[PDB]
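Asks: sequence first, structure after; it's an experimental one.
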Amino acid sequence: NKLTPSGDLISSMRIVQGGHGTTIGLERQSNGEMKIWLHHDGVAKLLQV
Amino acid sequence: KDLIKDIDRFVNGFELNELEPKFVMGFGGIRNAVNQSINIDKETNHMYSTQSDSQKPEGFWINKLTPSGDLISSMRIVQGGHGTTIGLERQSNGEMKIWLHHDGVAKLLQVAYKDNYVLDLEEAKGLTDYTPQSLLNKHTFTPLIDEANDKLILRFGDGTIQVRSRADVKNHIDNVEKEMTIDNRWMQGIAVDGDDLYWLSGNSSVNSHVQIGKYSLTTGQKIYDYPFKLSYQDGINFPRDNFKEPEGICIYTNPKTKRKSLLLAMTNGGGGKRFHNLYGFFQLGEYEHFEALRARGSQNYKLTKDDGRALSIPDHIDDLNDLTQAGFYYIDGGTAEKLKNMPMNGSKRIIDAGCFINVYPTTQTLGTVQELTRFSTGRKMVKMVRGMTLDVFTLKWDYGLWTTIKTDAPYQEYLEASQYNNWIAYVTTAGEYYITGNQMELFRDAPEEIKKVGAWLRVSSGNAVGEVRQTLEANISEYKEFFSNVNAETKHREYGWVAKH
Amino acid sequence: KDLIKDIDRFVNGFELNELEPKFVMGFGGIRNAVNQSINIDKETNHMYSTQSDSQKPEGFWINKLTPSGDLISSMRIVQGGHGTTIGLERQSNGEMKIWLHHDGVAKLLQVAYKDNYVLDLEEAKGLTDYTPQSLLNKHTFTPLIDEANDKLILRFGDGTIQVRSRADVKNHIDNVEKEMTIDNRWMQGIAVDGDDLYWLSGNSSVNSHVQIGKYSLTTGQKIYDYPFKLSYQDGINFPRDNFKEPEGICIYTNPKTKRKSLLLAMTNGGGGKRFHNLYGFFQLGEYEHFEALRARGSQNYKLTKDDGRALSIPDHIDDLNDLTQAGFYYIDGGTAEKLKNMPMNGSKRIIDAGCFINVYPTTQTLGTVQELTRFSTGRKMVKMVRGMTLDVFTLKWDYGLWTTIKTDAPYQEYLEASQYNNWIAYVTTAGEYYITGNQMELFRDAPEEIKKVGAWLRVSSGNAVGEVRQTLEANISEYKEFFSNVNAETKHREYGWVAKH
Amino acid sequence: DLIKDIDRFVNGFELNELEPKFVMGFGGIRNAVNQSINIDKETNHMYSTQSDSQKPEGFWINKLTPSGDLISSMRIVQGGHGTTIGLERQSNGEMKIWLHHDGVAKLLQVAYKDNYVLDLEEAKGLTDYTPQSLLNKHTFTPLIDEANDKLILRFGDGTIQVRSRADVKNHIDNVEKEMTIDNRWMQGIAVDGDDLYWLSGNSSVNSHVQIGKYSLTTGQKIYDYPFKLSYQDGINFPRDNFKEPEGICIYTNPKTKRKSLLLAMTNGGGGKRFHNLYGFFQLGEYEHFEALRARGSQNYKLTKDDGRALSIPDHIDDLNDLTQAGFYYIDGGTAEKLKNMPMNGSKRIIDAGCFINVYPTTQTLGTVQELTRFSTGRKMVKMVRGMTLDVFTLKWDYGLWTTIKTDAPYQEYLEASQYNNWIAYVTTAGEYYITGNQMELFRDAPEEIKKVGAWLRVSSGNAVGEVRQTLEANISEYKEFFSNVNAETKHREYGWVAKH
Amino acid sequence: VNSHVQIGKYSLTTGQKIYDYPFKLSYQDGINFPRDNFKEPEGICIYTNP
């Protein structure tokens, strides 16, 4: 879930069969796009989506 | 002593004002507009250019090009500004990132290049800002890269040049390593190679000379100005439509030979007809690097003579069946009269004048098509095609039947009875012809009802048994039309003319 | 001391792993299959390649090629084996002999090359055997030649290299002068230059690097392995269809300059689409030898812009009569509206949109054809051609009448009465048009019987007196058709519409 | 010694040590052999001469682009053979030509004019620059040594007169140097300072091309240099076995000051002559002319390098995606599977291999796809459609198919099953044939001719997207029917209407 | 959105600029994400707590 600084929902992204999503890592790119470090349990890979 | 200092200069020197500018290749771009910048990706030989998008708040396109200048894809930076310069940084996974200043969001960006992609304003706002801390609220610059030293250089409108470390900017480190000032005629391009800075200037007029100024980043002062003339379409300072605008420069260092070239982009052609040509200044032997890249993308099989004349058939060709080599040919009337296996309508050679012969670029098994175009100025032009295939086991050819492409002109396709042995049945090639009253009297198989008057002859396509239907429409003020079937090969008439009226 | 040892290395060095690979030219072959070997005939500049024939007991083709890679002729060795390598030996009378191992008859042969010839098995049995005495019942080798030293080298499957004198083998003398052993990745080519042996390896995958190993025939051991990347269609390691297979190497020694090149054959393109590209490693200045050979066979007159865009007409051309220079052009709708001498149907400009203009490669006396193609997406495309000739004494042009190539689409060629001054008689260009009921009412010369209903208009070719017959077929459920002759130039109607029903 | 070897290779310009290399082809207004060749160093223009083939011989002067294309020509009516000429570009950019006008027996300095005929009456009023000592002795032609501003006169008997060009322009008669040159006759001459070059050889394949090098100070021959050139099919394999030498010139690069000796050859048979430029170059100087050739060459690939048509990329499975210009061919298998091929209902019209000509594009990348069905036993079908690219959305818009009318003496056979037994499916304009057997199988066949064959003719569309089908019975009596069909939905508007 | 907000600090005794201070504000959706992409500065004032 992407949220405003006041907690309102902007948008959401579903990782189908990605696992529990216990923790993730944020890495904002230079062009302003956000990449998410997450472990996709379905494909058994550490991803930067 | 001196002979060596002369040879070393000629062999190993790279002093700009001692080098000759040479045309390299043309290159494309998605926009029908002038070019703006040019850069080489040394790890792929790809080229990248920028062009304006010509919109209310200016944006620019980034064009990804083949090493021979063909367009691979383009990326639009909506409201990104002029795109005067950009910086290439290829990542480890093979993806390309572009250093550019997005004027719309007032941020220095490092954007991932995407093929045929539109970077709209809402996405650009969410991208990471790499603008140095000391340069906020001061967004009048564009970036470029010095590949050899991994420097990210910033060019400012007022003429300030800031040399920074690319890695520093990527790590949000604000450190100006070198700063100098550059100073009718304005900037058209800038390239930095180590200590050497190059400054391109000149406008599009034929009377405005192209010039590159060489500066030293350590001294900060100009070394020299280098004016030069380029050879365009019709020679030195004779560009198409009298338009020759300089559109950016870049330094290239050969990864293998480590020798250098300075490449220069020019736009020629008139309004709405712009096209881009790459020139270069080269160390000895380095022009061949780019010539090979051009050659790979060039037409290396001769379709016409080098001056635009069509090919002539070899003297040893006396048979159309033997002209199986691809190319655009022309034969004059004399040759058309004598060549074996030309299209016939019985005893009449259909191509009774000079003839263009287009032999198609062949199939993978050397099959081809011969497309004939009868060259006349007082009669209609006849177009006919036939195919042929080569048996790779017997090395013998199989030739197909002739197809006629329907053509018509406001003048008649006149039928002289004597040329067809006075047989209308000889005319089995599809199309429309005209028989005058005088000639109808001379044709043996003319319909008696219209024996003394003219008529259009129309010949259909074949049926299942190889017959074609001939139709005669009398050229009179009353409706009279006849038809009759004829066997295309033997010219045997199946039945007498059948009246429709 | 050192500056000279650097210049001499750069100018006179021929160390393979210090040289840059450069594209030279493409080349053909009779088979739609990958290439296998490549060789140069130094006395003619002819090239020779081999290809598999893809048959049950494998045979191979020998292709004789022009210096620019075009196919001259081919010779098939039925059941001759793979044809991995061959050796060229040009005879005194100018005939070429090919050293090859015929696997079908298990003999080393010296066959006379013949153009487009099939060497069947029965003939191969009667040919002279040159297999050395010690190599009978041991036929797992193919031959190659070292031209500079007149050596015939035999490469064995197990990796044995036998260096023999070619003259010795021709004289049935069995003497092994040198023998060494070469040793996932297998052999793709081998070339010998004096003491230096080169070993090409690598598979077709984009992930498999091309590599040449350099060996010394005196030491017998490897000097070094040299991996390298080539620039393909879209750049370094971006070949068409992701296919890049190495297909043989050869050393070339320039007869005049005595300087050397190592040429490398690659096959690119996907299944059933293979094509062959020659690369090379060159001493300084030797690339120009092959560039000139490529240029002689290349298209040296510009038919399109360098990026595949059609040519634009010069700004100074405001009259189609002046566009007599060969090339493929495009003009936009605005230009088509203003150009003088465009095709007309009375007051109506036929080409009422953008237009491709194909100016044919000219006759030997600079005659040419202009082929116009109206560029639209919502209407049919009109194609028209006219010819023109140049008087070499007056330098004036004569322009012929327009021929229409018949075209049709499932959409109408709509006639707006006002554009023809409300005269159907204005439409004298051959073809089929449609008149809606609304427009028929507005045409002054419409047939009264169908004044308020639509109809197809068909216009024939001219007759002897410059008249054309117009036909109107009513677009109704009952048969109603009319005809009337019109003079194509003056638009004068000869008589009222004549009913066929 | 290693330096004396490197300097020779890098800075040497000894003719008989240099390799001849093809440079470029070049044109000319006349369908005839070439005669001379010269470079205008200030523009890179080339100038050649050709005979006019007239009763008193005249010659043409051709002005050429740096890539050999014809800009314009000027005819010197009855001017003679035009064996050699001299270029002198003026300050205002106009070109003047030093030539000997044999018709008026005068050495002239004529202003070059584009596509202009210099008739005899005008030539008589032109200024005479013939030296005082050379009147009534008009058996020479002029050439220029650009580097030293010399005007050289070559005489028929073999006399070479070296004069100052400025002197001749000022009507000053002074012979600075004179030497004598001496089966095989003169084909060209070029002077570079002290070096004089003499080209000889005839058109036969058995006649070797040769350049003799002479010294103007010594007056004697230094050496003869025979050489072989590589022609269309290789060394001494010229087209039609014709290879005639047609002039030479020395070129000095204004920037590098290094030299080239250029040689013009004419190849091809009678009435098919074409001209090819060769050269001998100092190290690095070939690139000067290669760049000039490249500027005028076709630098976008239309066919494979051996004359085969392009193949479509493996990743193209949809004709809509083949928007890149070029001449392509696809085999029958590929034509069967490609998406968005022309259809007549359920029937794929292109039911064989197919040439695909993708036009060189508009300035906004619009193009046309022209398909040609490749068969040998059936007629060849030709169809075209256009498409445009939206530069804002980067999406393509594809137009409807136009059919180019084609016909052969064999039928375009209609198998009822391939059209789901509907004649209405055939809405593409053209003429087809339905056999009696197939007419019985078509559901919408006219009953009156249910068991007999007929030609099917399909018209162009009308305003409402309908096309008129016409059936003409293949019998000895007049029977013809028509009926309208909607091209898209294949819906028949009404039953067949008899004309008989 | 591409125009940074800035406050310049000056000294009335010296008469010259001390420094320029550019800064980013957090709007509806965060830093430099204002509603309808409009963010215009409209005055300042100093407040001293009595």
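Replies: Thanks, I have it. Numbers count the residues shown, from 1 in each chain, chains lettered A, B, ... in the order given.
Asks: residue A:38: how many residues sit nearby?
Replies: Using other CB atoms under 10 Å in any protein chain shown, residue A:38 has 19 other residues around it. Where you see a C-beta, it was placed from the backbone N, CA and C, and this is true even at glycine.
Asks: that one bridge partners, please.
Replies: Counting by DSSP bridges, residue A:38 forms beta bridges with residue A:47.
Asks: what about the strands in chain A?
Replies: Remark: strands assigned in chain A by DSSP state E are A:2-3, A:9-11, A:25-28, A:34-40, A:45-48.
Asks: list the contacts of the residue nearest the centre of chain A.
Replies: Geometric centre of chain A, nearest residue: residue A:36, 4.1 Å, by CA atoms, centre = their mean. Contacts for residue A:36 (CB atoms under 8 Å, 6 or more residues apart in numbering or on different chains) come out as A:13, A:24-27, A:47-49.
Asks: just the buried members of those?
Replies: Using 16 or more other CB atoms under 10 Å in any protein chain shown as the burial test, the contacts of residue A:36 include no buried residue.
Asks: hmm, what's the outermost residue in chain A?
Replies: Here chain A reaches farthest from its C-alpha mean at residue A:6, the gap being 19.1 Å by CA atoms, centre = their mean.
Asks: what sits against the residue in chain A that chain C sits nearest to?
Replies: Proximity of chain A to chain C (CB to the nearest CB) peaks at residue A:45, 20.4 Å away. Taking CB under 8 Å, 6+ apart, we find residue A:45 in contact with residue A:39.
Asks: who's in contact with the residue of chain A found nearest chain D?
Replies: Nearest residue of chain A to chain D, counting by CB to the nearest CB: residue A:31, 19.0 Å away. Shown in contact with residue A:31 (CB under 8 Å, 6+ apart): B:109-112, B:119, B:123-124, B:126-128.
Asks: phi first, then psi, for the residue farthest from the centre of chain A.
Replies: Dihedral pair for residue A:6: phi -100, psi 10, per degrees, to the nearest 10.
Asks: got it, and residue A:41?
Replies: When read as degrees, to the nearest 10, the backbone of residue A:41 gives phi -70, psi -30.
Asks: before we move on, the earlier item: closest to chain A among the contacts of residue A:31?
Replies: residue B:127 (2.4 Å).
Asks: pull up the residues of chain A that are close to chain E.
Replies: Residues of chain A that fall close to chain E, judged by CB under 8 Å from any CB of the partner chain: A:4-5, A:10.
Asks: and those residues, which are buried?
Replies: Judged by 16+ other CB under 10 Å, buried ones among these: there are none.
Asks: can you pull the contacts of the residue in chain A that chain B sits nearest to?
Replies: For chain A, the residue closest to chain B is residue A:32, as judged by CB to the nearest CB, at 2.4 Å. Listed by CB under 8 Å, 6+ apart, the contact partners of residue A:32 are B:105, B:107, B:109, B:123-129.
Asks: what's the most distant pair in those?
Replies: The distance between the two most remote of the contacts of residue A:32 (CB to CB) is 13.9 Å, for B:123 and B:129.
Asks: got the contact list for stretch A:16-30?
Replies: Against stretch A:16-30 from outside (CB under 8 Å, 6+ apart): A:15, A:34-42, A:48, B:97, B:109-112, B:127-130, B:170.
Asks: buried stuff in it?
Replies: A:29-30.
Asks: could you export that stretch as CSV, CA atoms only?
Replies: The C-alpha trace of stretch A:16-30 is given here as CSV (Å, rounded to 0.1, in the frame of the first residue of the first chain):
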residue,chain,number,x,y,z
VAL,A,16,0.4,-12.7,-6.3
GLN,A,17,1.7,-15.7,-4.3
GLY,A,18,4.6,-13.5,-3.1
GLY,A,19,4.4,-14.8,0.4
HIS,A,20,3.7,-13.1,3.7
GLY,A,21,5.4,-9.7,2.9
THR,A,22,6.7,-9.6,6.5
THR,A,23,9.3,-6.9,5.6
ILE,A,24,10.1,-4.9,2.5
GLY,A,25,12.8,-2.3,1.5
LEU,A,26,12.2,1.0,-0.1
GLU,A,27,14.7,2.4,-2.7
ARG,A,28,13.5,5.5,-4.6
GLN,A,29,15.2,5.9,-8.0
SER,A,30,16.6,9.0,-9.6
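Asks: so what's residue A:39 up against?
Replies: Contacts of residue A:39 (CB under 8 Å, 6+ apart): A:18-19, A:45-47.
Asks: and it, how far from chain E?
Replies: Residue A:39 sits 27 Å away from chain E, going by CB to the nearest CB, to the nearest Å.
Asks: for stretch A:41-49, measure first residue to last.
Replies: One end of stretch A:41-49 sits 14 Å from the other (CA to CA, to the nearest Å).
Asks: one more: stretch A:30-44?
Replies: Note: stretch A:30-44 ends 28 Å apart using CA to CA.
Asks: try stretch A:21-37
Replies: End-to-end distance for stretch A:21-37, by CA to CA: 10 Å.
Asks: can you report phi and psi for the residue of chain A closest to chain D?
Replies: phi -80, psi 10.
Asks: could you find the closest non-adjacent residue to it?
Replies: residue B:127 (2.9 Å; CB to CB, 6 or more residues apart in numbering or on different chains).
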